[PDB]
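Okay, structure first, notes after.
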Amino acid sequence: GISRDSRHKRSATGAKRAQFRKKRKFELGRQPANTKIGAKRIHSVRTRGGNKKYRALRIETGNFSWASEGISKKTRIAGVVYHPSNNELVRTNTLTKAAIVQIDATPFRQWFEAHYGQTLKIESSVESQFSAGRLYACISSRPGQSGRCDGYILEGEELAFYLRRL
Amino acid sequence: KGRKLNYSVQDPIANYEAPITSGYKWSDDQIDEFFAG
Amino acid sequence: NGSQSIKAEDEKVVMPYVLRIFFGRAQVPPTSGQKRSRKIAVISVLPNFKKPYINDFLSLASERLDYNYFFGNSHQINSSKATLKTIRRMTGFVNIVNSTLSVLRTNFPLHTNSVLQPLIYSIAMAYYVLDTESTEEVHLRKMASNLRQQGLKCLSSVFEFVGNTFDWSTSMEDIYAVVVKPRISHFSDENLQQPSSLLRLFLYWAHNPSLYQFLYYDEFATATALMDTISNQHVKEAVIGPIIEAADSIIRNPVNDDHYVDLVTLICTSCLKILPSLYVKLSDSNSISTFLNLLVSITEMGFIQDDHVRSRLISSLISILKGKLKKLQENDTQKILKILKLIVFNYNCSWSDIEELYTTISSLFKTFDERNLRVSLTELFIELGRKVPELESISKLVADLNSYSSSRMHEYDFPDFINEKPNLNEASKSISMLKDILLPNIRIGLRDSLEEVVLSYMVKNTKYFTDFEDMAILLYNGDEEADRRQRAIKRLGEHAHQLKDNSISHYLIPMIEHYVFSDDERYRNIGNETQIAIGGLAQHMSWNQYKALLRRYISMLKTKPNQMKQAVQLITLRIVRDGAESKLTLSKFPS
Amino acid sequence: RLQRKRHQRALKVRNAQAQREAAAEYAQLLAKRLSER
Amino acid sequence: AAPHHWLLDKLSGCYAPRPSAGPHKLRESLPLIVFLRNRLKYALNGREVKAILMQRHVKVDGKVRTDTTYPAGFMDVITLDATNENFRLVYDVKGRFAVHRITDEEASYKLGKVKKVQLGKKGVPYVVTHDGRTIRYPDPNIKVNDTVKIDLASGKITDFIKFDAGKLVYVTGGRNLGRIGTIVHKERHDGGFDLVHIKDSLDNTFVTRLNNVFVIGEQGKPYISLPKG
Amino acid sequence: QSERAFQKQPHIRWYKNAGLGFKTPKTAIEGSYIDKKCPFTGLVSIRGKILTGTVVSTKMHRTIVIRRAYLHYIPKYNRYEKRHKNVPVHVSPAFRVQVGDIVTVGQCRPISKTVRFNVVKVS
Amino acid sequence: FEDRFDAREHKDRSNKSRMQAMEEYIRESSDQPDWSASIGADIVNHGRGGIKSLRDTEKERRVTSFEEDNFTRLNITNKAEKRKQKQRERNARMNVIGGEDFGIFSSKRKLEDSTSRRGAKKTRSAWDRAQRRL
RNA sequence: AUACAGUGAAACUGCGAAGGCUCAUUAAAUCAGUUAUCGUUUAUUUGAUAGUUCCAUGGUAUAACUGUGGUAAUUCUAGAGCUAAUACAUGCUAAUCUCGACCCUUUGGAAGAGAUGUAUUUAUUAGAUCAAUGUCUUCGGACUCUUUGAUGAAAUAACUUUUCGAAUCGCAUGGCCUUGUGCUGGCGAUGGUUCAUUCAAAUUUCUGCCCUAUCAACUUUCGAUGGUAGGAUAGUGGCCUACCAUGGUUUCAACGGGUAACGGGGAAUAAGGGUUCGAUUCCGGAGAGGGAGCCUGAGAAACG
């Protein structure tokens with residue numbers, strides 16, 4: 001990154017003759033670490049005293065949350081199909097916040113068969129993924145700042161809310 | 001489409017390199033009789 | 001290492017049931033002692049050996065919680081668990097009173113019971129082990145003294161074990177063997193019952209059906225004993241009615257009325273309790289109250305009384321006819337209760353109720369004139385049904401006027417009790433007049449005219465649908481009455497209802513002036529209606545802030561005139577709240 | 001060394017018996033204020 | 001290089017003493033060197049005021065706090081052991097720090113304006129003041145700008161003064177800084193020039209802010225003693 | 001009321017109150033509007049000062065351009081030249097503000113490059 | 001708008017309007033004596049300087065009061081002394097004749113503009129001037 | 001003073017330097033005050049603030065130091081041999097908290113059931129009622145609509161390569177008899193996690209003295225104007241990028257034109273007669289040969 005200041009750009013009035021200043025330390029834009037899938041490597045960068053910041057690049061073990069009961073359990077990552085904060089970001093298959101990524105939902109199968117007995121009330125277009133294995137789930141946590149991959153599962157309303165999109 | 005495809009002329013790259021006369025070691029007749037088909 | 005072992009438990013399910021049962025069998029083979037303790041009891045135990053046993057119970061709890069469906073259960077794990085529980089009971093009840101290792105082995109025993117209840121929490125209708133009576137007799141000989149031990153708000157080791165044993169299909173064999181419901185009913189009929197009493201009541205209500213579907217005659221007599229417990233626990237669900245979980249009482253009372261009719265005094269107690277189920281708490285919902293009144297009717301269809309429960313059911317119908325809730329479903333249940341109450345008053349009630357509730361027909365206006373020409377001497381439920389029809393139930397307007405006039409005719413033909421009935425008529429007409437009704441306010445005005453049977457011309461001209469010369473003559477009648485606490489409060493309430501934020505009509509200044517003139521003519525009656533004037537000024541002061549403050553400001557200014565005349569007459573009072581309301585007016589001044 | 005092992009344990013249990021009792025001892029004063037309010 | 005509040009004579013020096021960090025801000029406090037050395041003159045220079053600070057005569061707010069630039073702000077009771085010196089220092093009418101002399105039963109406490117009440121962590125009610133005494137558990141009816149009375153032996157609130165219309169208020173801030181009389185008017189606006197207004201000898205009127213004013217007692221009975229002329 | 005991706009929803013239908021003499025309309029308490037930066041449900045909290053004036057343009061959505069003429073006692077040429085000010089402001093589900101419409105706003109948490117004020121009142 | 005703490009408007013100025021002709025008339029019509037020195041004690045360098053002016057002996061009295069009051073000698077601070085002592089003694093030998101300064105008579109500064117002709121009690125009403133007299 | 005014991009070259013250590021010259025000309029954007037940050041960082045100042053334990057003390061690997069040397073040579077070096085820690089990094093640790101079946105009456109709690117943290121990043125929700133001085137008194141009560149008040153519009157399911165439950169010291173032999181350091185046992189400084197304050201910084205609301213329409217258009221030509229999401233942030237923020245809408249300022253002075261902008265703006269002290277001389281902070285930002293990239297710290301795009 002470069003900057004965080006209004007001095008390089010124009011305001012709501014249209015001004016000119018900028019030529020302002022050598023940029024300070026507190027306009028610090030670090031490089032955009034597009035977090036991907038790999039082996040888990042988090043860079044421990046420093047800022048503002050001992051404010052360590054976890055910059056995750058190759059995180060896997062996503063803690064994704066069963067919605068209707070709120071069961072955040074551990075799984076892997078496959079790939080993001082739709083994220084128009086950059087439509088090339090899904091072409092390159094990175095992993096950022098608020099992305100809709102696919103999960104092999106085998107521990108969710110284990111929890112359902114463990115606290116319900118039988119195997120398969122829950123919606124049908126996610127029951128198809130209960131059968132097959134890959135369910136859609138959206139990342140909540142920030143791997144570029146907190147270094148973690150947490151998320152929430154897609155269950156019904158939010159599922160169709162994304163499936164009608166793409 | 002503001003910063004998208006500015007068809008301007010830029011200062012440091014206007015003489016960043018220099019061309020070559022013969023270039024391809026083949027002939028252009030070799031191009032024509034190379035991919036006639 | 002606790003977090004590391006928690007990770008090992010969260011990943012300790014990936015292997016099959018064979019490997020899970022093998023790891024559980026290796027955990028069982030630490031300190032089982034099945035050669036020594038599978039017969040009756042253990043040979044020896046130590047503090048660190050019980051710590052291996054307490055760790056074994058903790059590992060059983062962690063394994064069951066991890067694999068909380070299958071758990072890889074085995075009879076070797078069951079025998080190791082029974083040996084550990086018996087060794088914990090033996091060490092705790094045979095060691096001397098030093099309490100350190102005794103409390104360690106007691107918190108080992110409560111945790112081992114929690115891990116035992118976890119096995120039935122995980123694998124309940126999966127194993128159903130046929131050699132249950134070994135562990136059942138072991139735990140019974142251990143916890144014989146736990147009679148009223150599980151009676152608390154949080155005691156849920158043996159209470160949860162009893163609920164688990166009672167909420168099964170064929171695991172009630174150890175229940176119906178000797179006793180489960182006896183000790184459960186002892187702690188249930190304990191008088192210091194906290195809110196787990198409702199949990200035990202729901203467990204026995206669900207568990208009476210397994211003891212009834214059981215083909216064994218011992219379980220049939222145990223279901224009879226569960227009905228006998230429902231008859232001998234007639235104070236617990238009464239005293240523990242502190243929440244809205246009265247559907248358990250309504251579900252047991254319907255089950256009891258459908259199941260067992262054992263005494264006429266029991267049916268009278270059930271009917272009086274379901275009468276208290278509608279005369280105890282006003283937060284009972286529609287389906288619960290309907291099923292409670294239907295259960296009272298179902299006990300009355302079997303074994304009702306002829307005078308006492310007759311009057312109790314008549315009071316029940318006199319409340320339910322003023323209710324008539326839930327789109328005539330409560331009205332139909334009230335008609336059934338009036339037809340089952342079995343009296344002459346109840347016979348006239350069922351007649352005059354069925355003749356009006358015939359599924360939205362003109363039989364209501366037929367039956368009003370029918371009972372008017374053939375006026376019944378019961379008259380209580382008749383006045384209830386004819387005052388619900390005089391309220392905001394649109395039809396029977398002239399029939400409501402004739403019903404009020406006929407009640408007045410009966411109250412004049414009495415010439416005491418029917419005058420106290422007219423007191424109830426006036427206390428109903430007061431809440432009718434202080435309302436947003438249109439037809440029922442005019443019916444209450446007609447009832448006021450029939451109670452008034454100058455003043456009669458004033459009432460009929462206030463109910464004259466003219467409102468300009470009518471309101472002028474009302475102001476002149478107030479002037480003649482100036483030159484009555486509840487009576488003038490009712491007249492001013494009817495006037496304020498006819499001029500109650502109806503800002504699509506003129507002369508609202510003269511309407512509020514007539515309200516304040518009647519308020520002044522009541523405030524002149526200082527010996528009686530000073531309290532009513534204070535209440536009317538207080539209600540107008542509340543209306544001065546309640547979402548509309550245009551005419552209520554002039555009402556405040558003109559109700560200040562009673563204070564001005566009183567202070568000119570005084571030339572003792574309560575200055576404190578008057579000054580605080582002056583401060584509130586000064587705060588409204590800074591708006 | 002062992003006398004330090006005496007004094008460390010004694011100051012630790014005294015620190016517990018001071019702090020963890022004083023905390024509830026003003027939480028009960030909060031309970032008195034809540035009962036009177 | 002000085003402020004106005006210190007009553008500092010100009011013929012003193014060149015470098016002015018910056019107070020160190022502490023309870024109060026820099027702009028509303030005087031350090032101990034400008035207190036003892038050149039105001040009531042128990043010293044002649046920085047060397048001997050450091051000497052008596054090492055001797056530890058000062059007992060501000062019941063603790064010693066041996067420091068030269070310790071920022072004694074509003075009504076921190078400076079206590080000196082020799083000749084039982086008890087000093088409550090308040091604002092005069094023209095912006096300076098008038099240091100009134102008080103007695104022991106008055107220096108056994110102080111008062112403090114409450115700034116905010118918090119549900120911080122683990123269900124604990126919470127109160128701060130201008131010296132930042134985070135004391136446990138007041139009543140729920142502590143609004144902003146009320147007045148707690150600190151114990152000064154332990155830290156507990158002993159008495160409480162409610163901020164409402166008809167209370168004796170002290171103004172420290174803006175162009176009203178250091179006035180007393182608290183009643184001509186009340187006017188709470190919605191973001192500025194919001195206050196209770198203060199009288200004069202002819203009962204004149206005044207405008208200030210909420211945070212720039214804080215209560216000291218009642219109409220005739222403050223349990224603080226005040227200096228006179 | 002969902003024309004964009006990424007789970008358009010409140011962020012914890014939802015409802016709160018900033019207090020301090022500004023009402024919340026009933027659709028803004030319980031309605032289908034999201035209230036992302038409208039301060040009644042919102043994510044922002046209120047502070048600062050409150051300014052009042054009429055508008056000039058409400059052309060783009062979530063842009064309320066207030067005008068604010070105010071008196072100032074000019075001593076230079078001893079006559080009052082009339083003031084004018086501008087401030088962009090995000091929408092609220094209470095009034096489609098047209099030309100005229102003296103409204104007021106409270107200071108909070110810079111939303112775009114130049115907006116710190118969000119509408120709280122219409123009269 | 002809002003208030004802002006102004007020590008320049010609650011600071012004792014009292015010197016923009018202190019004129020020596022008015023002060024001399026007040027000393028004449030004062031009817032309480034004036035603390036003059038024993039007559040030789042106020043000449044300065046055996047007569048190499050002046051006598052000393054009234055402002056100079058007032059300032060000397062202030063300096064000795066502050067001196068005894070906090071036990072400190074004042075100094076030979078170079079910038080302030082090269083301004084004030086040399087410029088002060090040169091205008092002293094210019095304008096102070098025999099203990100009396102005549103510098104003011106050679107100086108344009110209007111008396112009635114600043115120091116007389118009251119600004120607060122300006123009495124810009126006939127009624128206000130009538131009530132100010134009566 | 002036969003394991004230490006004073007002088008002390010040269011080495012590790014704690015800190016020191018804790019704020020100094022020149023050069024090109026910025027019109028409330030440099031500056032000054034002020035509003036706010038439940039929109040954010042914070043060393044130091046100050047006030048507060050920790051409950052998971054199955055069959056008598058933990059490991060080699062480096063210095064300084066010796067010894068062999070190289071090179072013209074440095075605060076340049078390399079082999080070989082030892083050796084210590086508040087250096088590195090694995091690891092030893094009593095039972096007390098509520099509801100109280102029972103009470104024996106005061107020396108009152110024995111049985112049972114429920115307990116027990118922090119630091120990181122994910123979701124549901126705790127966050128309408130009852131008491132009278134009075135409606136009717138039938139001198140009893142269903143009482144809130146009236147007359148006043150009150151609880152009230154962090155509890156849990158998980159990650160993290162997780163920090164800790166004192167290897168600090170001082171003052172006081174003091175109490176006990178578990179038959180010997182058996183328990184020591186009282187207090188205070190330094191620790192130690194977290195919050196708030198203070199300090200400082202960054203943003204941000206507004207206010208503040210040249211003539212200017214021969215500057216009437218500017219802004220989308222470093223996004224112009226806003227919306228949605230992500231990235232980066234100490235966080236707010238078109239600060240940057242994807243997508244979308246065509247906006248926004250202006251004759252109520254946009255935007256643009258220059259200097260006695262080596263002068264000005266209170267930036268401040270004022271002086272007992274100097275009336276724009278007469279006290280100072282700051283001209284604008286940079287630079288450590290020249291641009292570029294990186295690093296350190298509570299604070300930096302470091303005078304080192």
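Chain lettering (A, B, ...) mirrors the order of the structure tokens, residue numbering begins at 1 for each chain separately, and ligand numbering begins at 1 in order of display.
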Can you write out as a tab-separated table which residues of chain F fall within 9 Å of chain A, alongside each residue's closest atom pair and its distance in Å to one decimal, counting only C-alpha atoms and ordering rows by chain and ascending residue number?
residue	atom	partner	partner_atom	distance
F:5	CA	A:162	CA	7.3
F:6	CA	A:98	CA	6.4
F:7	CA	A:158	CA	7.0
F:113	CA	A:11	CA	7.9
F:114	CA	A:12	CA	7.4
Those selected residues, please, written with N, CA and C atoms and delivered as a CSV table (one decimal), in the first residue's frame.
chain,number,residue,atom,x,y,z
F,5,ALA,N,-24.8,-7.8,-3.0
F,5,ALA,CA,-24.5,-9.0,-2.4
F,5,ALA,C,-24.1,-8.9,-1.0
F,6,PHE,N,-23.4,-10.0,-0.5
F,6,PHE,CA,-22.7,-10.0,0.8
F,6,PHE,C,-23.5,-9.8,2.0
F,7,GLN,N,-24.7,-10.4,2.0
F,7,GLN,CA,-25.6,-10.5,3.2
F,7,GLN,C,-26.0,-9.2,3.8
F,113,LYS,N,-16.0,10.8,2.8
F,113,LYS,CA,-14.9,11.8,3.0
F,113,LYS,C,-15.5,13.0,3.7
F,114,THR,N,-16.6,13.5,3.3
F,114,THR,CA,-17.2,14.7,3.9
F,114,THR,C,-18.7,14.4,4.2
Exercise for the section: Identify, on the basis of only C-alpha atoms (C1' of nucleotides), every residue whose closest approach to range 94-105 of chain G does not exceed 10 Å; exclude the query and any residue fewer than 4 positions from it along the same chain; express the result as a VMD selection string. Expected result: (chain G and resid 19 to 21 42 to 43 49 to 55 88 to 90 109) or (chain H and resid 273)
Practice task
Could you please select, counting only C-alpha atoms (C1' of nucleotides), the residues of chain H within 9 Å of chain C and state them as number ranges by chain?
Solution key: H: 52, 54-55, 95, 99, 101, 111-114, 134-135, 145-148
Practice task
Can you check which residues of chain A have any atom within 7 Å of chain C? Use only C-alpha atoms and format it as an NGL selection string.
Solution key: :A and (114-115 or 117)
How would the residues just chosen look if you wrote them out with C-alpha atoms as a short mmCIF file (atom, residue, chain, number, x, y, z; two decimals), in the first residue's frame?
data_model
loop_
_atom_site.label_atom_id
_atom_site.label_comp_id
_atom_site.auth_asym_id
_atom_site.auth_seq_id
_atom_site.Cartn_x
_atom_site.Cartn_y
_atom_site.Cartn_z
CA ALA A 114 -23.59 -37.56 17.22
CA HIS A 115 -26.29 -35.33 18.73
CA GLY A 117 -28.48 -40.32 16.14
#
Practice task
Could the residues of chain D within 10 Å of chain E, counting only C-alpha atoms, be given as an NGL selection string, please?
Solution key: :D and (23 or 26-27 or 29-34 or 36-37)
Expected file contents, prior selection, N, CA and C atoms, as a PDB file, in the first residue's frame:
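This is the output file selection17.pdb:
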ATOM      1  N   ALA D  23     -13.218  -8.942  47.748  1.00  0.00           N
ATOM      2  CA  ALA D  23     -14.026  -8.709  46.552  1.00  0.00           C
ATOM      3  C   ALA D  23     -15.502  -8.997  46.812  1.00  0.00           C
ATOM      4  N   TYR D  26     -17.089  -6.353  49.285  1.00  0.00           N
ATOM      5  CA  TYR D  26     -17.786  -5.172  48.768  1.00  0.00           C
ATOM      6  C   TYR D  26     -18.878  -5.507  47.751  1.00  0.00           C
ATOM      7  N   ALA D  27     -18.878  -6.720  47.184  1.00  0.00           N
ATOM      8  CA  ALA D  27     -20.037  -7.156  46.408  1.00  0.00           C
ATOM      9  C   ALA D  27     -21.279  -7.307  47.284  1.00  0.00           C
ATOM     10  N   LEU D  29     -21.838  -5.261  49.720  1.00  0.00           N
ATOM     11  CA  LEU D  29     -22.289  -3.881  49.875  1.00  0.00           C
ATOM     12  C   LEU D  29     -23.067  -3.418  48.652  1.00  0.00           C
ATOM     13  N   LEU D  30     -22.672  -3.890  47.464  1.00  0.00           N
ATOM     14  CA  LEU D  30     -23.517  -3.712  46.282  1.00  0.00           C
ATOM     15  C   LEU D  30     -24.880  -4.373  46.462  1.00  0.00           C
ATOM     16  N   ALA D  31     -24.909  -5.549  47.096  1.00  0.00           N
ATOM     17  CA  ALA D  31     -26.182  -6.208  47.379  1.00  0.00           C
ATOM     18  C   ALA D  31     -27.037  -5.401  48.356  1.00  0.00           C
ATOM     19  N   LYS D  32     -26.405  -4.727  49.323  1.00  0.00           N
ATOM     20  CA  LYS D  32     -27.153  -3.860  50.236  1.00  0.00           C
ATOM     21  C   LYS D  32     -27.718  -2.641  49.514  1.00  0.00           C
ATOM     22  N   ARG D  33     -26.923  -2.032  48.626  1.00  0.00           N
ATOM     23  CA  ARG D  33     -27.415  -0.906  47.830  1.00  0.00           C
ATOM     24  C   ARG D  33     -28.546  -1.329  46.899  1.00  0.00           C
ATOM     25  N   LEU D  34     -28.463  -2.540  46.340  1.00  0.00           N
ATOM     26  CA  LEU D  34     -29.520  -3.019  45.452  1.00  0.00           C
ATOM     27  C   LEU D  34     -30.789  -3.365  46.223  1.00  0.00           C
ATOM     28  N   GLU D  36     -31.703  -1.841  49.027  1.00  0.00           N
ATOM     29  CA  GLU D  36     -32.289  -0.583  49.475  1.00  0.00           C
ATOM     30  C   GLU D  36     -32.834   0.252  48.323  1.00  0.00           C
ATOM     31  N   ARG D  37     -32.303   0.079  47.117  1.00  0.00           N
ATOM     32  CA  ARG D  37     -32.769   0.842  45.964  1.00  0.00           C
ATOM     33  C   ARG D  37     -34.154   0.387  45.510  1.00  0.00           C
TER      34      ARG D  37
END
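The residues of chain E lying at most 8 Å from chain H, with only C-alpha atoms (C1' of nucleotides) taken into account, are residues 20, 21, 22, 23, 24, 25, 120, 122, 123, 128, 131, 132, 133, 134 and 135 of chain E.
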For the residues in the current selection, export C-alpha atoms as a PDB file, in the first residue's frame.
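The result, stored in out-v3.pdb:
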ATOM      1  CA  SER E  20       4.612  15.801  35.254  1.00  0.00           C
ATOM      2  CA  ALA E  21       1.776  13.445  34.433  1.00  0.00           C
ATOM      3  CA  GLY E  22      -0.601  12.551  37.216  1.00  0.00           C
ATOM      4  CA  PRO E  23      -4.243  12.716  38.271  1.00  0.00           C
ATOM      5  CA  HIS E  24      -5.247  16.051  36.761  1.00  0.00           C
ATOM      6  CA  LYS E  25      -4.381  17.619  33.432  1.00  0.00           C
ATOM      7  CA  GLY E 120     -17.054  -2.254  32.387  1.00  0.00           C
ATOM      8  CA  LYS E 122     -18.105  -8.641  35.099  1.00  0.00           C
ATOM      9  CA  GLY E 123     -21.169  -6.760  36.318  1.00  0.00           C
ATOM     10  CA  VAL E 128     -14.334   7.969  37.940  1.00  0.00           C
ATOM     11  CA  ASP E 131      -8.221  12.512  40.034  1.00  0.00           C
ATOM     12  CA  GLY E 132      -9.438   9.221  38.553  1.00  0.00           C
ATOM     13  CA  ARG E 133     -10.392   7.390  41.754  1.00  0.00           C
ATOM     14  CA  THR E 134     -11.956   4.255  40.303  1.00  0.00           C
ATOM     15  CA  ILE E 135     -13.952   3.320  43.396  1.00  0.00           C
TER      16      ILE E 135
END
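Atom to atom, CA of residue 335 in chain C and CA of residue 350 in chain C stand 6.1 Å apart.
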Exercise for the section: List the neighbours of range 13-23 of chain H out to 10 Å using only C-alpha atoms (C1' of nucleotides); skip same-chain residues closer than 2 positions along the sequence, and give me the result as an MDAnalysis selection string. Expected result: chainID H and resid 286:287 303:304
What would the file look like if the residues just selected were written as a PDB file, in the first residue's frame with C-alpha atoms (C1' of nucleotides)?
ATOM      1  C1'   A H 286      12.630  19.691   3.053  1.00  0.00           C
ATOM      2  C1'   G H 287      18.209  17.892   3.578  1.00  0.00           C
ATOM      3  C1'   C H 303      21.085  14.437  12.380  1.00  0.00           C
ATOM      4  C1'   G H 304      23.345   8.708  15.566  1.00  0.00           C
TER       5        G H 304
END
Exercise: residue 59 in chain F partners within 10 Å, only C-alpha atoms (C1' of nucleotides), chain neighbours under 6 positions left out, as a PDB file with N, CA, C and O atoms (P, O5', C5', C4', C3', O3' and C1' of nucleotides), in the first residue's frame:
ATOM      1  N   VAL F  65     -28.011  17.344   1.082  1.00  0.00           N
ATOM      2  CA  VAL F  65     -27.172  18.534   1.070  1.00  0.00           C
ATOM      3  C   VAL F  65     -27.964  19.648   1.748  1.00  0.00           C
ATOM      4  O   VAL F  65     -28.856  20.253   1.152  1.00  0.00           O
ATOM      5  N   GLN F  98     -37.539  17.013   0.330  1.00  0.00           N
ATOM      6  CA  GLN F  98     -37.530  17.784  -0.901  1.00  0.00           C
ATOM      7  C   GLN F  98     -37.047  19.198  -0.605  1.00  0.00           C
ATOM      8  O   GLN F  98     -36.627  19.506   0.512  1.00  0.00           O
TER       9      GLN F  98
ATOM     10  P     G H 226     -18.317  12.704  -1.540  1.00  0.00           P
ATOM     11  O5'   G H 226     -19.276  11.435  -1.609  1.00  0.00           O
ATOM     12  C5'   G H 226     -20.409  11.345  -0.762  1.00  0.00           C
ATOM     13  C4'   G H 226     -21.510  10.509  -1.363  1.00  0.00           C
ATOM     14  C3'   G H 226     -21.475   9.022  -1.065  1.00  0.00           C
ATOM     15  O3'   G H 226     -21.973   8.715   0.223  1.00  0.00           O
ATOM     16  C1'   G H 226     -22.008   9.387  -3.349  1.00  0.00           C
ATOM     17  P     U H 246     -27.128   7.892 -13.971  1.00  0.00           P
ATOM     18  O5'   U H 246     -26.329   9.069 -13.258  1.00  0.00           O
ATOM     19  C5'   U H 246     -27.015  10.092 -12.542  1.00  0.00           C
ATOM     20  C4'   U H 246     -26.144  11.305 -12.309  1.00  0.00           C
ATOM     21  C3'   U H 246     -25.907  12.189 -13.533  1.00  0.00           C
ATOM     22  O3'   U H 246     -25.817  13.553 -13.125  1.00  0.00           O
ATOM     23  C1'   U H 246     -23.839  11.419 -12.704  1.00  0.00           C
ATOM     24  P     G H 247     -27.102  14.329 -12.549  1.00  0.00           P
ATOM     25  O5'   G H 247     -26.920  14.236 -10.970  1.00  0.00           O
ATOM     26  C5'   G H 247     -26.021  15.108 -10.301  1.00  0.00           C
ATOM     27  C4'   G H 247     -25.226  14.395  -9.238  1.00  0.00           C
ATOM     28  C3'   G H 247     -24.487  15.319  -8.277  1.00  0.00           C
ATOM     29  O3'   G H 247     -25.276  15.685  -7.157  1.00  0.00           O
ATOM     30  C1'   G H 247     -22.954  13.801  -9.222  1.00  0.00           C
TER      31        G H 247
END
Each chain D residue no farther than 8 Å from chain H, nearest pair in Å, only C-alpha atoms (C1' of nucleotides), as JSON lines:
{"residue": "D:2", "atom": "CA", "partner": "H:56", "partner_atom": "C1'", "distance": 7.9}
{"residue": "D:6", "atom": "CA", "partner": "H:184", "partner_atom": "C1'", "distance": 7.7}
{"residue": "D:8", "atom": "CA", "partner": "H:166", "partner_atom": "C1'", "distance": 7.3}
{"residue": "D:37", "atom": "CA", "partner": "H:150", "partner_atom": "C1'", "distance": 7.6}
Generate a file of the selected residues that holds N, CA, C and O atoms, formatted as a CSV table (one decimal), in the first residue's frame.
chain,number,residue,atom,x,y,z
D,2,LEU,N,14.3,-23.7,50.9
D,2,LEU,CA,13.1,-24.2,51.4
D,2,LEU,C,12.4,-23.2,52.3
D,2,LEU,O,11.1,-23.2,52.4
D,6,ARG,N,8.6,-21.9,52.0
D,6,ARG,CA,7.6,-21.6,53.0
D,6,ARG,C,6.9,-20.3,52.8
D,6,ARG,O,5.7,-20.1,52.8
D,8,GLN,N,6.8,-18.2,50.2
D,8,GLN,CA,6.1,-18.0,48.9
D,8,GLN,C,4.7,-18.5,49.1
D,8,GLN,O,3.7,-17.9,48.7
D,37,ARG,N,-32.3,0.1,47.1
D,37,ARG,CA,-32.8,0.8,46.0
D,37,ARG,C,-34.2,0.4,45.5
D,37,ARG,O,-35.0,1.2,45.1
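By chain and then residue number, the residues within 12 Å of residue 257 in chain C are residues 227, 230, 231, 249, 250, 251, 252, 262, 263, 266, 267, 268, 269, 270, 271, 274, 291, 292, 293, 294, 295, 296, 297, 298, 299, 300, 301, 302 and 303 of chain C, counting only C-alpha atoms (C1' of nucleotides) and disregarding those fewer than 5 positions away in sequence.
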Handout entry: Long-range neighbours of residue 12 in chain E as a PyMOL selection string, 10 Å cut-off, only C-alpha atoms (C1' of nucleotides), 3 positions minimum in chain
Key = (chain E and resi 8-9+15-16+38) or (chain G and resi 72+74)
Handout entry: Contact residues around residue 31 in chain H with only C-alpha atoms (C1' of nucleotides) at 10 Å, ignoring same-chain residues under 2 positions, as an MDAnalysis selection string
Key = chainID H and resid 28 265 267 282
Problem - Test item: chain F residues at most 6 Å from chain H, counting only C-alpha atoms (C1' of nucleotides), as a PyMOL selection string - result: chain F and resi 48+82-83+109-110+112-113
Given the selection you just returned, output its residues as a file containing C-alpha atoms, formatted as a PDB file, in the first residue's frame.
ATOM      1  CA  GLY F  48     -20.919  16.265  19.391  1.00  0.00           C
ATOM      2  CA  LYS F  82     -25.761  36.661   4.552  1.00  0.00           C
ATOM      3  CA  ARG F  83     -24.213  33.283   5.396  1.00  0.00           C
ATOM      4  CA  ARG F 109     -18.242   9.063  12.954  1.00  0.00           C
ATOM      5  CA  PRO F 110     -17.167  10.207   9.404  1.00  0.00           C
ATOM      6  CA  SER F 112     -17.787   9.306   3.535  1.00  0.00           C
ATOM      7  CA  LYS F 113     -14.936  11.768   2.987  1.00  0.00           C
TER       8      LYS F 113
END
